[PDB]
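For reference, the structure is listed below as structure tokens.
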Amino acid sequence: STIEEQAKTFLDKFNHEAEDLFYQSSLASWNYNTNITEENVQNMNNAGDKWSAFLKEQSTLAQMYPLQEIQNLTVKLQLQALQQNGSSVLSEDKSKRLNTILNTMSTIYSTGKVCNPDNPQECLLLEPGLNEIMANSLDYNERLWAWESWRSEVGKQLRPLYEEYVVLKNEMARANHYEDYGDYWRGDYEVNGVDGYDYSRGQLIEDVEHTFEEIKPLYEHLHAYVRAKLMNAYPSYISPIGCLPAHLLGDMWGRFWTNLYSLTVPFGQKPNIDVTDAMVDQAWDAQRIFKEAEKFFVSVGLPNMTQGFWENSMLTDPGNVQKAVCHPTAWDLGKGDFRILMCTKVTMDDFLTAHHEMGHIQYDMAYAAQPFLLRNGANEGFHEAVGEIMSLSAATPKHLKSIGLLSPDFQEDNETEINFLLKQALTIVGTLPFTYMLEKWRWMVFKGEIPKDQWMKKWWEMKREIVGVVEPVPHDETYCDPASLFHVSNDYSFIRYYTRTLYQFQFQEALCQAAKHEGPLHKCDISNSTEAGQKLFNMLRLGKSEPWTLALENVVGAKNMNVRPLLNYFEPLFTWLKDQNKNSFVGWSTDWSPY
Amino acid sequence: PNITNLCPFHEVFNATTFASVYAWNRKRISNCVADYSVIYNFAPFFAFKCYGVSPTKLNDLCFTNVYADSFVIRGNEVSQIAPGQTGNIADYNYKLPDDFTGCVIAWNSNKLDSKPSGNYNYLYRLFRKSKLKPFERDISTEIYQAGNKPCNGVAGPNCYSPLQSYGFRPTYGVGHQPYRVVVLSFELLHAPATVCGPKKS
Ligand SMILES: *[C@@H]1O[C@H](CO)[C@@H](O[C@@H]2O[C@H](CO)[C@@H](O)[C@H](O)[C@H]2NC(C)=O)[C@H](O)[C@H]1NC(C)=O
Ligand SMILES: *[C@@H]1O[C@H](CO)[C@@H](O[C@@H]2O[C@H](CO)[C@@H](O)[C@H](O)[C@H]2NC(C)=O)[C@H](O)[C@H]1NC(C)=O
Ligand SMILES: *[C@@H]1O[C@H](CO)[C@@H](O)[C@H](O)[C@H]1NC(C)=O
Ligand SMILES: *[C@@H]1O[C@H](CO)[C@@H](O)[C@H](O)[C@H]1NC(C)=O
Ligand SMILES: *[C@@H]1O[C@H](CO)[C@@H](O)[C@H](O)[C@H]1NC(C)=O
Ligand SMILES: *[C@@H]1O[C@H](CO)[C@@H](O)[C@H](O)[C@H]1NC(C)=O
Ligand SMILES: *[C@@H]1O[C@H](CO)[C@@H](O)[C@H](O)[C@H]1NC(C)=O
């Protein structure tokens, strides 16, 4: 009779038909991903079309319920999620142009082929070849040619496209009652209406800044050490007082530094903790890898895997005749159906990745009871954080000696710990300034703080000032150097990686103090601790029903992002880096002294 | 005397077609011998909860009427077929009284009630003006008027058809698979009790 009861009944109808149509859509997406055939393509397209049609009509019917007179938080959250007009708020011409722009950016990025001059008979694509050269080669001019050529071609062909893209997305956000597209992206972390746990869209930028200001000493020491080792690798091109050359970071863009373990190893004589050999000696098939992951999750207290998980998941590559997408993905079909699509091989990596994806599925299982539109992570960072904590705990020497992959007489000396922490630092601490810089550039270009004719000059300046990476040659506004990355060319939010990185170590400290760990944080394992599994499960079951600040308070006892667990995780490496940077100069200069 | 005229339990727990929970089927059982052992050995049961009588004493007890109520629900709702429970099924589809004397029996029926395109012939009532009284059935398809404006019979905004379909599929999770439920209700009246068990010599 009142608006709130009408909203409850409408949400009940929506939840029922949403779960049915979503299940058909997800089953068709699964059938395309495990069987790439044209009838599966058209089935997936028809199911996706019927789902987007349903979510359109239902959003039209959902906007007749104003939110200011609904007092229940769950109903308010579901209606806030449903009433979003997305790209439909524009005119038909502008919406069609926006979808055309997005599609052509996707096709330029996916089919972008850049090759050597004077040899045009065949050319090299980004995904098969450019990642290899930019991640394995030790030649300066070869990496320079690939880097400059790809950014030159893709930037010249994508700069007017991005020029129209920023305007259309800004109009979309401002028609949707947001300040800019950056505010629209920051709206995922927004919490309104709960006392004490309130979080604003605008608070995220200063929280990220406040964490990064404490990230900066550790990153500076790591940068100095990496710089010194790269100076050993490249003798005259890199300056002691300057920044790193951009095409020497191990990736195409400098996003991850994990490709520099070979050049920047602390102790090359010591081996790593690779346990691939023990798996291949003991004949560990994919099934037993997932069974060991299941045993870990039942050891910590979480539920077993469902029968339909073992029956319906494709945990091995099917063969040559039947083609499937090889990307590791955890699927929440709904209707109690949870699957993992993983082309598992026998490696230490795939084992850790199986722990990661089963962490994703455990997160999806805990929140299943929740209503359909609240079956997600509390924010975009939690879902990957709860998988990365499992990848953290499973890779420890204690856990590997517990399950028999690592010998019981294995000596954990400090040198292999330094080696492990530096590999983890190159993967985790290395991506933080790049992520913060990229998101802050995107936020200012959406906000209009950066002028249109000053894009590259501002971007490179921030790369010199924040990341400590210098450009090889100056670039004018004919180039669109940010857009060479997959996430920015294809309209994806990027701050999730920064938030996930911080939430990962926060969750890890909370579970390790829950499980009574008496050593350094990097050695901690949450196996056989049911109080830690209970502590985590109290956040997993919530889903998106509660604020992400409340879920964070449920696990770590704090309601805001904290950087103290991350720096506490890398504390022995921080002391070691302080010890070996006595002769060298910590910090960088923004001058072009290397190049 | 010779044992004959056994009660037709093989026609309740083994029908080619069960009923939707909104129009749940009720069969009265009288003037026959109650061989509950066939019920026992008829499938592995997800729940054989008996409220008020013990599962064994049944055969040696003699009741006046036995009501067998048969329907199909989803696994998550099997807990709702009990005294004192709430949900969509308990409030709007099938209600047991708080002093219920009888047993509830449920078993999985994926091989019989699940189709891959979706079995859309099992329905349940999602919207009802008031909660159901015990042992009541509503077969009405009247458009549920959830708002203030009259619906006028045609489905439209704030006007929802009350019977929603249980789209059963074989790949669903255990909590969503079709479960066939038979509820045995025993009643005694002033009339001579004519449903008792077998006798031996
Ligand atoms: C989503 O789009 C619809 C359609 O434009 C918006 O509905 C209109 O809202 C304005 C502003 O209150 C009203 O003056 C119109 O009468 C509404 N039209 C209809 C058909 O309802 C809706 O407000 C938008 N919602 C959001 C969150 O952007
Ligand atoms: C968690 O508990 C299990 C079960 O108690 C431990 O597994 C045992 O480890 C001891 C180590 O000496 C063996 O002798 C037993 O045979 C093991 N039992 C089983 C059933 O595997 C396990 O080590 C504990 N710790 C961890 C980190 O998993
Ligand atoms: C993959 O698709 C083909 C299409 O003809 C079909 O024959 C085959 O059975 C499918 N494989 C699986 C595992 O469903
Ligand atoms: C919100 O509604 C749900 C059912 O839709 C109910 O369980 C919950 O208690 C309600 N919350 C409040 C604060 O009334
Ligand atoms: C499921 O978990 C229980 C304990 O939680 C365990 O006893 C049982 O063996 C597990 N199931 C399988 C198939 O291992
Ligand atoms: C490792 O421990 C030994 C023993 O005290 C010490 O001499 C050595 O300096 C340590 N090395 C590092 C890298 O911590
Ligand atoms: C019970 O059902 C099965 C299913 O096929 C059938 O074979 C059997 O004959 C049935 N028994 C009775 C007594 O109806």
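The chain as shown is numbered from 1 upward.
Technique stated in the header: electron microscopy, 2.8 Å.
Cβ from N, Cα, C; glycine included.
Cross-referencing B:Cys62, B:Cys103, B:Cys151 with Swiss-Prot gives B:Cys62 as the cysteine bonded to B:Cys196, criterion being a recorded disulfide.
Among the candidates B:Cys7, B:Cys50, the disulfide partner that Swiss-Prot records for B:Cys32 is B:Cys7.
Only B:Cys32, of the recorded positions B:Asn2, B:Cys32, B:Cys50, B:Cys103, B:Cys151, have a C-alpha within 10 angstroms of the C-alpha of B:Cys196 (disulfide bond). Counting other C-beta atoms within 10 Å of each candidate's C-beta, the disulfide-bonded residues B:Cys32, B:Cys103, B:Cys151 are led by B:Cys103. Cα-Cα distance from B:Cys7 (disulfide bond) to B:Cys62 (disulfide bond): 13 Å (rounded to the nearest whole number). Listed as Cβ neighbours of the region 'Immunodominant HLA epitope recognized by the CD8+' (B:119-127) (distance under 8 Å, sequence separation of 6 or more from its ends, same chain) are residues 20-22, 72-73, 88-89, 92-93, 113, 138, 144, 146, 160, 162-169, 178. With respect to B:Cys62 (disulfide bond), the closest of these recorded positions in Cα terms is B:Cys32, chosen from B:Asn2, B:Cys32, B:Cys50, B:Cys151, B:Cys159. Taking a C-beta cut-off of under 8 Å and a sequence gap of six or more, B:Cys50 (disulfide bond) has these contacts in its own chain: B:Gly102, B:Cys103, B:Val104. Using Cα positions, the member of the disulfide-bonded residues B:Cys32, B:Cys151, B:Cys159 nearest to B:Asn2 (N-linked glycosylation site) is identified as B:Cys32.
In sequence order, B:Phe42 are the residues of the chain that are 6 or more apart from B:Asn14 (N-linked glycosylation site) and have a CB within less than 8 Å of its CB. Non-local neighbourhood of B:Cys159 (disulfide bond): B:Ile143, B:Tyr144, B:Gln145, B:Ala146, B:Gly147, B:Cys151, each in the same chain, at least six residues away, with C-beta under 8 Å from its C-beta.
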